[PDB]
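Q: What follows is a structure written as structure tokens; I'll ask about it next.
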Amino acid sequence: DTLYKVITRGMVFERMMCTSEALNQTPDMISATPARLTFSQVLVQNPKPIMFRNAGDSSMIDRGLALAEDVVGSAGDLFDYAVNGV
Amino acid sequence: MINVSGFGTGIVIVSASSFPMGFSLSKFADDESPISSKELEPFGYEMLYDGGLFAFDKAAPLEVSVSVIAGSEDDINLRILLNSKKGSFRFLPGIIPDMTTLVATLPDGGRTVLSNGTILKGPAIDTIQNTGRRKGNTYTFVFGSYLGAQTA
């Protein structure tokens, strides 16, 4: 889920995820453990997003053609709970 | 006034099957080094690319060379040790068959014991030099358990 940013000596990269890991256990080293990792970049169009600070001030997502899914208790009782308060 | 003499050194070597009781070493050759060992190298280091250092552990054995006068009884005993085979006699788990334990005594009084190891190599027959002297036979051991004994 998380995207990571990597800062080497002078070079800064963004949108990376780890893709590998290779531990090693050898008589050459007992105290420590030599490891070799690997990262790959997530490629996306429009690398610089555009953001609005107002939630109402935003565009319109589109959700299409779902089902009413029914499975509901009753008609009168739910309304008599919703307006009478209980 | 520090005494670093080697006069009076004695060694006892005990085995698991060949010499369950052990024998003694007292006749040390003249031309060769009577006893010596290689450097113990139990640590390592790698250099990071920032510019720093990193130190760790690594495995290290211990090797000893012992020389005797050719024709002595101790040479016969050491040749007996060298002639045995690991594939022979019994087998039981995890003992490095026929452990040889070496107990060395210093003229000063300090004692050291080394275990978990076996003989490694040595001569098979005597050799004659240009001057008509048989050379001093040498034998190499390997030890895995340097028991930290340096007591007075």
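Ligands are numbered from 1 in the order shown, residues from 1 within each chain, and chains are lettered A, B, ... in the order they appear in the structure tokens.
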Within stretch 8-81 of chain A, find each residue whose DSSP state, derived from the backbone, is alpha helix (DSSP H), and express the selection as a ChimeraX atom specification.
A: /A:76-81
Q: When you look at residue B:126 with a cut-off of 10 Å (counting only C-alpha atoms), what residues show up, excluding the ones that are within fewer than 6 positions of it in the same chain? I need them as a PDB file with N, CA and C atoms, in the first residue's frame.
A:
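And here's result32.pdb as it stands now:
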ATOM      1  N   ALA B  70      63.875 -37.746  14.575  1.00  0.00           N
ATOM      2  CA  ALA B  70      63.565 -38.983  13.874  1.00  0.00           C
ATOM      3  C   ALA B  70      64.210 -40.173  14.574  1.00  0.00           C
ATOM      4  N   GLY B  71      63.447 -41.256  14.702  1.00  0.00           N
ATOM      5  CA  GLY B  71      63.889 -42.428  15.421  1.00  0.00           C
ATOM      6  C   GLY B  71      63.481 -42.476  16.876  1.00  0.00           C
ATOM      7  N   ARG B 133      72.303 -36.495   7.546  1.00  0.00           N
ATOM      8  CA  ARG B 133      71.439 -36.378   8.712  1.00  0.00           C
ATOM      9  C   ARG B 133      69.992 -36.584   8.299  1.00  0.00           C
ATOM     10  N   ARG B 134      69.282 -37.422   9.042  1.00  0.00           N
ATOM     11  CA  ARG B 134      67.845 -37.523   8.861  1.00  0.00           C
ATOM     12  C   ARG B 134      67.181 -36.248   9.359  1.00  0.00           C
ATOM     13  N   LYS B 135      66.226 -35.741   8.589  1.00  0.00           N
ATOM     14  CA  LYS B 135      65.577 -34.491   8.947  1.00  0.00           C
ATOM     15  C   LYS B 135      64.668 -34.682  10.157  1.00  0.00           C
ATOM     16  N   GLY B 136      64.302 -33.564  10.778  1.00  0.00           N
ATOM     17  CA  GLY B 136      63.386 -33.584  11.900  1.00  0.00           C
ATOM     18  C   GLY B 136      61.939 -33.567  11.458  1.00  0.00           C
ATOM     19  N   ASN B 137      61.222 -34.656  11.712  1.00  0.00           N
ATOM     20  CA  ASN B 137      59.856 -34.786  11.226  1.00  0.00           C
ATOM     21  C   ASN B 137      58.947 -33.747  11.867  1.00  0.00           C
TER      22      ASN B 137
END
Q: With distances taken over only C-alpha atoms, which of B:139, B:28, B:23, B:49 is nearest to chain A?
A: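 For chain A, the nearest of the given residues is B:49.
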Q: For a quick test of understanding: name the residues of chain B lying within 7 Å of chain A when counting only C-alpha atoms, and present them as a PyMOL selection string.
A: chain B and resi 56-59
Q: Let me see the file: selected residues, N, CA, C and O atoms, as a PDB file, in the first residue's frame.
A:
ATOM      1  N   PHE B  56      32.746  -7.234  12.066  1.00  0.00           N
ATOM      2  CA  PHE B  56      31.874  -8.369  12.338  1.00  0.00           C
ATOM      3  C   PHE B  56      32.732  -9.542  12.792  1.00  0.00           C
ATOM      4  O   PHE B  56      33.939  -9.410  13.009  1.00  0.00           O
ATOM      5  N   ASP B  57      32.103 -10.705  12.923  1.00  0.00           N
ATOM      6  CA  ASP B  57      32.773 -11.938  13.305  1.00  0.00           C
ATOM      7  C   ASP B  57      32.937 -12.821  12.082  1.00  0.00           C
ATOM      8  O   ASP B  57      32.199 -12.680  11.103  1.00  0.00           O
ATOM      9  N   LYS B  58      33.905 -13.730  12.136  1.00  0.00           N
ATOM     10  CA  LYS B  58      33.999 -14.787  11.144  1.00  0.00           C
ATOM     11  C   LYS B  58      34.700 -15.980  11.774  1.00  0.00           C
ATOM     12  O   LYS B  58      35.385 -15.856  12.789  1.00  0.00           O
ATOM     13  N   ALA B  59      34.507 -17.148  11.171  1.00  0.00           N
ATOM     14  CA  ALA B  59      35.061 -18.374  11.728  1.00  0.00           C
ATOM     15  C   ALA B  59      36.569 -18.433  11.518  1.00  0.00           C
ATOM     16  O   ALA B  59      37.091 -17.951  10.511  1.00  0.00           O
TER      17      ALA B  59
END
Q: Name the residues of stretch 12-142 of chain B that come out as strand (DSSP E or B) in a backbone DSSP run; write them as a ChimeraX atom specification.
A: /B:12-14,23-25,28,35-37,43-46,54-57,62-68,101-105,111-121,128,134,138-142
Q: For stretch 42-51 of chain A, list every protein, DNA or RNA residue within 8 Å, evaluated using only C-alpha atoms, and leave out those in the same chain fewer than 5 positions away; present the list as JSON, numbers by chain.
A: {"A": [15, 16, 17]}
Q: Between atom CA of residue B:98 and atom CA of residue B:147, measure the distance and give it in Å to one decimal.
A: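 Separation of atom CA of residue B:98 and atom CA of residue B:147: 18.1 Å.
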Q: Fewer than 5 positions away in the same chain doesn't count, so skip those; otherwise give me all residues within 12 Å of stretch 83-86 of chain B, counting only C-alpha atoms, as an NGL selection string.
A: :B and (15-19 or 76-78 or 91 or 95-99 or 118-124)
Q: Please, could you write that set of residues out with N, CA, C and O atoms as a CSV table (one decimal), in the first residue's frame?
A:
chain,number,residue,atom,x,y,z
B,15,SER,N,43.9,-39.4,23.1
B,15,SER,CA,43.0,-39.7,21.9
B,15,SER,C,41.7,-40.3,22.4
B,15,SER,O,41.5,-40.6,23.6
B,16,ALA,N,40.8,-40.6,21.5
B,16,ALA,CA,39.5,-41.2,21.9
B,16,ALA,C,39.5,-42.7,21.7
B,16,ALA,O,38.9,-43.4,22.4
B,17,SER,N,40.2,-43.2,20.6
B,17,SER,CA,40.2,-44.6,20.4
B,17,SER,C,41.7,-45.2,20.3
B,17,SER,O,42.0,-46.2,20.8
B,18,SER,N,42.5,-44.4,19.5
B,18,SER,CA,43.9,-44.9,19.3
B,18,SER,C,44.7,-45.0,20.6
B,18,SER,O,45.4,-46.0,20.9
B,19,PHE,N,44.7,-43.9,21.3
B,19,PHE,CA,45.4,-43.7,22.6
B,19,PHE,C,44.5,-43.2,23.6
B,19,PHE,O,44.5,-42.0,24.0
B,76,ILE,N,57.3,-42.4,16.6
B,76,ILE,CA,56.5,-43.6,16.3
B,76,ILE,C,55.1,-43.4,16.7
B,76,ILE,O,54.2,-43.8,16.0
B,77,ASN,N,54.9,-42.8,17.9
B,77,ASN,CA,53.5,-42.6,18.4
B,77,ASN,C,52.7,-41.7,17.4
B,77,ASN,O,51.6,-41.9,17.1
B,78,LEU,N,53.4,-40.6,17.0
B,78,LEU,CA,52.7,-39.6,16.1
B,78,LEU,C,52.4,-40.3,14.8
B,78,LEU,O,51.4,-40.0,14.2
B,91,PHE,N,31.1,-45.3,15.0
B,91,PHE,CA,30.6,-44.0,14.7
B,91,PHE,C,29.5,-43.6,15.6
B,91,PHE,O,28.6,-44.4,15.9
B,95,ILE,N,31.1,-35.9,17.1
B,95,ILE,CA,32.3,-35.9,18.0
B,95,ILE,C,33.6,-35.6,17.2
B,95,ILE,O,34.7,-35.5,17.8
B,96,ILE,N,33.6,-35.5,15.9
B,96,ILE,CA,34.8,-35.5,15.1
B,96,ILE,C,35.6,-36.7,15.4
B,96,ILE,O,36.6,-36.6,16.2
B,97,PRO,N,35.3,-37.9,14.8
B,97,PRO,CA,35.9,-39.1,15.3
B,97,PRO,C,37.4,-39.1,15.7
B,97,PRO,O,38.2,-38.5,15.0
B,98,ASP,N,37.7,-39.6,16.9
B,98,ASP,CA,39.0,-39.6,17.4
B,98,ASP,C,39.5,-38.2,17.7
B,98,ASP,O,40.5,-37.7,17.1
B,99,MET,N,38.8,-37.5,18.6
B,99,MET,CA,39.3,-36.3,19.1
B,99,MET,C,40.7,-36.4,19.8
B,99,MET,O,40.9,-37.4,20.6
B,118,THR,N,42.0,-32.9,15.4
B,118,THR,CA,42.7,-34.1,15.0
B,118,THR,C,44.0,-33.8,14.2
B,118,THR,O,44.2,-32.7,13.8
B,119,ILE,N,44.8,-34.8,14.1
B,119,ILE,CA,46.1,-34.6,13.3
B,119,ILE,C,45.7,-34.4,11.9
B,119,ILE,O,44.6,-34.8,11.4
B,120,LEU,N,46.6,-33.7,11.1
B,120,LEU,CA,46.2,-33.3,9.8
B,120,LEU,C,47.2,-33.9,8.7
B,120,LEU,O,46.8,-34.4,7.7
B,121,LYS,N,48.5,-33.8,9.0
B,121,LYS,CA,49.5,-34.2,8.0
B,121,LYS,C,50.8,-34.4,8.7
B,121,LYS,O,51.1,-33.9,9.8
B,122,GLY,N,51.7,-35.2,8.0
B,122,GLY,CA,53.0,-35.4,8.5
B,122,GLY,C,53.8,-36.4,7.5
B,122,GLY,O,53.2,-36.9,6.6
B,123,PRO,N,55.1,-36.6,7.8
B,123,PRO,CA,55.9,-37.4,6.9
B,123,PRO,C,55.5,-38.9,7.0
B,123,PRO,O,55.0,-39.3,8.0
B,124,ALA,N,55.8,-39.6,5.9
B,124,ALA,CA,55.6,-41.1,5.9
B,124,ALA,C,56.8,-41.9,6.0
B,124,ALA,O,56.8,-43.0,6.6
Q: Have a look at B:149, B:60, B:47, B:104 and name the one nearest to residue B:9; count only C-alpha atoms.
A: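 Selected residue with least distance to residue B:9: B:104.
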Q: Which distance in Å separates atom CA of residue B:11 and atom CA of residue B:66, to one decimal?
A: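 Computing it gives 10.3 Å between the two atoms.
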Q: When you look at residue B:8 with a cut-off of 10 Å (counting only C-alpha atoms), what residues show up, excluding the ones that are within fewer than 5 positions of it in the same chain? I need them as an mmCIF file with C-alpha atoms, in the first residue's frame.
A:
data_model
loop_
_atom_site.group_PDB
_atom_site.id
_atom_site.type_symbol
_atom_site.label_atom_id
_atom_site.label_comp_id
_atom_site.auth_asym_id
_atom_site.auth_seq_id
_atom_site.Cartn_x
_atom_site.Cartn_y
_atom_site.Cartn_z
ATOM 1 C CA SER B 26 59.647 -34.606 25.515
ATOM 2 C CA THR B 105 53.030 -27.298 30.065
ATOM 3 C CA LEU B 106 55.246 -24.233 30.194
ATOM 4 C CA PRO B 107 58.459 -24.099 32.264
ATOM 5 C CA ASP B 108 57.098 -20.985 33.970
#
Q: Could you tell me how far atom CA of residue B:13 sits from atom CA of residue B:102, in Å to one decimal place?
A: 4.6 Å
